Amino acid sequence: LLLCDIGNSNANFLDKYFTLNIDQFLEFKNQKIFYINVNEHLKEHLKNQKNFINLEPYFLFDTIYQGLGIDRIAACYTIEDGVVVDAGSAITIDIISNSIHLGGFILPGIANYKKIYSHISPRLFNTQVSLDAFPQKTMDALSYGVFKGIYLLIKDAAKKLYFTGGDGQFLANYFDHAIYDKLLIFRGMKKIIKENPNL
Amino acid sequence: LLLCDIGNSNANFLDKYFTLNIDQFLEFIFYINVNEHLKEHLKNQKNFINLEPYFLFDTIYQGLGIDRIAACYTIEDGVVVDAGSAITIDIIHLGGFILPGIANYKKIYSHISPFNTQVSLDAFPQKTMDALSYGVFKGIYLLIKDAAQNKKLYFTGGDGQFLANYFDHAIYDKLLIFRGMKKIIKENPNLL
């Protein structure tokens, strides 16, 4: 059972979890691969690979959010009630209540915060910065700005929390009653398959 | 008496307030400067007199920028927010924190994907531009609120009035920085 979650920078596979970059992904050959894809650039390519089978059409998900990404849908999908946070290149926060998508929002990913500080000034992280004291040096002034900004947005939006993505465990640790599941999305994909076994 | 607050995107002048962008300032005076790539050019200019070494300001914060010092210089008690290229939030000095300015939030998103300022903050967005706008505006809002846990609140800077509107009990002063700069010329009559 080979699953593929395709992004703008990475394709994450599950068989056993691995990550390829996009060049690597384009040279991959294999057996059936089930997939979701947000990369607009790879749509023609995927259509030419007959072994590749798009799960997106099977996702029924109650939202009015225009153009919601299939990646966010798939991560919300096994959740009945809760706040879903996928912390990678971007940080998306989605709110589920009663299997209904109430809305959601987007933040830069942590690496990107680091890039924009640099673009602003060479004068402009400590992951172990405290959130309950004002910072006293510039490293901490940045780390606090970023990490506390995300902490408060998520606190306000949240309800149980589910976390996923490369930075998800780190963000989860600021909260009690929160889970981290590296495989949230692949669980949504797993669920689609258990619901349409003719696949 | 001509004053200049030279920042990372803009040069705020007071002769009559008015602002140049950097590329303008270059083709354009007591000053403070946080623009690294402008250090050289300023030493070149003999009409410009740096005011930074005259400030004496107690803080337990190491390497506090001179724009923050200057903004904070005339405030006995409160949170001081300066919203430009970056947004500095300072406490009266018991510390403070920094964010990207609103336009620099734009720039990350615009590069990734080549703002709605009236976005509601009390409901969850349902389209991409609103999703972005709310992450930015509410993130800033929650941080200041949390920091100003009841203290006074002061805002300045090019985007400072916009942000002040989010608040009851808050004051915007476009000139808070030049007010530090004037108080320094005050304390140092010798400068004239």
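All values below were derived from every heavy atom in this structure, side-chain atoms included, with hydrogens, water molecules and symmetry-related copies excluded. The chains referred to below are lettered A, B, ... by the order of the sequence lines, with proteins before strands, and numbering in each begins at 1.
- Note: the hydrophobic cluster containing B:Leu14 does not contain B:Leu2 (ILVMFWY, side chain heavy atoms under 4.5 Å, direct or indirect links).
- Judged by distance alone, with hydrogens and angles left aside, the side-chain atoms of B:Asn35 form a donor-acceptor pair with the main-chain N or O of B:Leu38 at under 3.5 Å.
- If you chain together hydrophobic residues whose side chains sit under 4.5 Å apart, B:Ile29 and B:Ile185 never meet in one group.
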Exercise. Should A:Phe34 and A:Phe52 be marked as a ring pair (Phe, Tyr, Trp, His ring centres under 6.0 Å) after you check the CA-CA gap, both sets of side-chain angles, and the distance that decides it?
Worked result: CA-CA 6 Å; A:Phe34 302 94; A:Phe52 268 86; 9.9 Å; no
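- Under the 4.5 Å side-chain heavy-atom criterion for ILVMFWY residues, no single connected hydrophobic cluster contains both A:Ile110 and A:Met139.
- Under the 3.5 Å distance criterion, the side-chain polar atoms of B:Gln118 are left unmatched by any main-chain donor or acceptor of B:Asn116.
- Note: A:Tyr180 and A:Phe163 fail the aromatic proximity criterion, with ring centroids not under 6.0 Å apart.
- Distance alone, capped at 3.5 Å, places no donor-acceptor pair between the B:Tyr154 side chain and the B:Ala71 backbone.
- Taking 4.5 Å as the limit, every side-chain heavy atom of A:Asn196 sits out of range of all side-chain heavy atoms of A:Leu55.
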For this session: Verify side-chain contact (heavy atoms from CB on, under 4.5 Å) between A:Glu80 and A:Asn98, making sure each step is shown before the conclusion.
Result: CA-CA 5 Å; A:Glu80 280 155 20; A:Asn98 226 259; over 6 Å; no
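- Atom CG in A:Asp15 sits 10.5 Å away from atom SG in A:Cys4 (nearest 0.5 Å).
- Note that CD of B:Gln45 and OH of B:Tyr31 are 9.5 Å apart. Values are rounded to the nearest 0.5 Å.
- Interatomic distance, NZ of A:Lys32 versus NZ of A:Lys50, reported as 13.5 Å (0.5 Å rounding).
- Contact check for A:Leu184 versus A:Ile79: side-chain heavy atoms found under the 4.5 Å cut-off.
- With a 6.0 Å radius and a threshold of 12 heavy atoms from other residues, nucleotides or ligands, B:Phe55 has its CZ atom above the threshold.
- One distance of note links CG of B:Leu94 with CD of A:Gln136; it measures 8.0 Å at 0.5 Å rounding.
- By the 30° and 60° cut-offs, the orientation of the rings of A:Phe61 relative to A:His101 is tilted.
- Heavy atoms only, all atoms of each residue included: B:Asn104 and B:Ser85 are closest at ND2-O, 2.9 Å.
- Ring orientation note: the planes of A:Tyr174 and A:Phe170 are nearly perpendicular, at an angle over 60° on the 30°/60° scale.
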Exercise. Checking side-chain contact (heavy atoms from CB on, under 4.5 Å) for the pair A:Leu3/A:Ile185: CA distance, chi angles, key distance, verdict?
Worked result: CA-CA 10 Å; A:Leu3 304 170; A:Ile185 282 184; over 6 Å; no
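- The shortest distance between side-chain heavy atoms of B:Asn33 and B:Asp67 does not fall below 4.5 Å.
- The side-chain heavy atoms of A:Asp86 and A:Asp94, taken from C-beta on, include no pair separated by under 4.5 Å.
- Taking the ring axis of A:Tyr17 as reference, the NZ or CZ atom of A:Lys182 stays within 45° of it and closer than 6.0 Å to the ring centre.
- A:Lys191 NZ: more than 12 foreign heavy atoms inside a 6.0 Å radius.
- Below 30°, between 30° and 60°, or above 60°: for B:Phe13 and B:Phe18 the angle between ring planes is below 30°, a parallel geometry.
- For the atom pair B:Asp146 CG and A:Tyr151 OH, the distance stands at 9.5 Å (nearest 0.5 Å).
- Annotation for A:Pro135 and A:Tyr144: closest pair CG-CB, 3.6 Å, computed over non-hydrogen atoms.
- A donor and an acceptor atom, one from each side chain of B:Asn165 and B:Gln161, are located under 3.5 Å apart.
- B:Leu64 and B:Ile6 are assigned to two separate hydrophobic clusters, defined by single-linkage of ILVMFWY side chains at heavy-atom distances under 4.5 Å.
- Remark: B:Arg68 qualifies as a cation-pi partner of B:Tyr61 under the 6.0 Å distance and 45° angle criteria applied to the six-membered ring.
- Listed here is the closest heavy atom pair of A:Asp167 and A:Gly88: OD2-O, 4.2 Å.
- Within a 6.0 Å sphere centred on NZ of B:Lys106, other residues, nucleotides and ligands contribute more than 12 heavy atoms.
- We find that A:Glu40 and A:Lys43 are joined by a salt bridge, their nearest charged nitrogen and carboxylate oxygen being less than 4.0 Å apart.
- Defined by atom type and a distance below 3.5 Å, a donor-acceptor pair is present between the side-chain atoms of B:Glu187 and B:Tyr73.
- The structure places NE2 of B:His41 at 15.0 Å from NE2 of B:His37, a figure rounded to the nearest 0.5 Å.
- The two residues B:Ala148 and B:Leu153 make their nearest non-hydrogen contact at CB-CG, 3.9 Å.
- No side-chain N or O of B:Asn21 forms a donor-acceptor pair with one of B:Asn10 less than 3.5 Å apart.
- In summary, the aromatic rings of B:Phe137 and B:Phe115 are positioned with their centroids under 6.0 Å apart.
- With a 4.5 Å cut-off on side-chain heavy atoms, A:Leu46 and A:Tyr35 count as touching.
- For CZ of A:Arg123, the number of neighbouring non-hydrogen atoms (other residues, nucleotides, ligands) closer than 6.0 Å is greater than 12.
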For this session: Report the C-alpha separation of B:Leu192 and B:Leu1 in whole Å, then their side-chain angles, then the decisive distance to 0.1 Å, and conclude whether the side-chain contact (heavy atoms from CB on, under 4.5 Å) test is met.
Result: CA-CA 9 Å; B:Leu192 303 155; B:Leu1 197 88; 3.6 Å; yes
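- Annotation for A:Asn54 and A:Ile36: closest pair OD1-CA, 4.4 Å, computed over non-hydrogen atoms.
- When side chains are defined from C-beta on, A:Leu107 counts as touching A:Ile150, because their heavy atoms get closer than 4.5 Å.
- More than 12 heavy atoms of other residues, nucleotides or ligands sit less than 6.0 Å from atom CD of A:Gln31.
- Counting only distance, with no hydrogens or angles, the side chain of B:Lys138 and the backbone of B:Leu121 share a donor-acceptor pair below 3.5 Å.
- Between the B:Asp173 side chain and the B:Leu175 main chain, a donor and an acceptor come within less than 3.5 Å of each other.
- A:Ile96 places none of its side-chain heavy atoms less than 4.5 Å from the side chain of A:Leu102.
- With B:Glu27 contributing its side chain and B:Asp23 its backbone, the two residues share no donor-acceptor pair below 3.5 Å.
- No continuous path of ILVMFWY side-chain contacts below 4.5 Å connects A:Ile64 to A:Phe105, so the two sit in separate hydrophobic clusters.
- Inter-residue side-chain proximity for A:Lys160 and A:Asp81 is flagged as unmet; no heavy-atom pair is nearer than 4.5 Å.
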For this session: Kindly determine whether A:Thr19 and A:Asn12 satisfy side chain to side chain donor-acceptor pair (under 3.5 Å), including the steps that lead there.
Result: CA-CA 4 Å; A:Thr19 296; A:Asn12 309 136; 2.9 Å; yes
Exercise. Can you check side-chain contact (heavy atoms from CB on, under 4.5 Å) on B:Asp90 and B:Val79, steps first, answer last?
Worked result: CA-CA 6 Å; B:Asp90 288 300; B:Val79 184; over 6 Å; no
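- With hydrogens and angles ignored, the 3.5 Å screen pairs no side-chain donor or acceptor of A:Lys115 with any backbone N or O of A:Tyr113.
- Of all heavy-atom pairs spanning A:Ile33 and A:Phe28, the tightest one is CD1-CE2, 3.5 Å.
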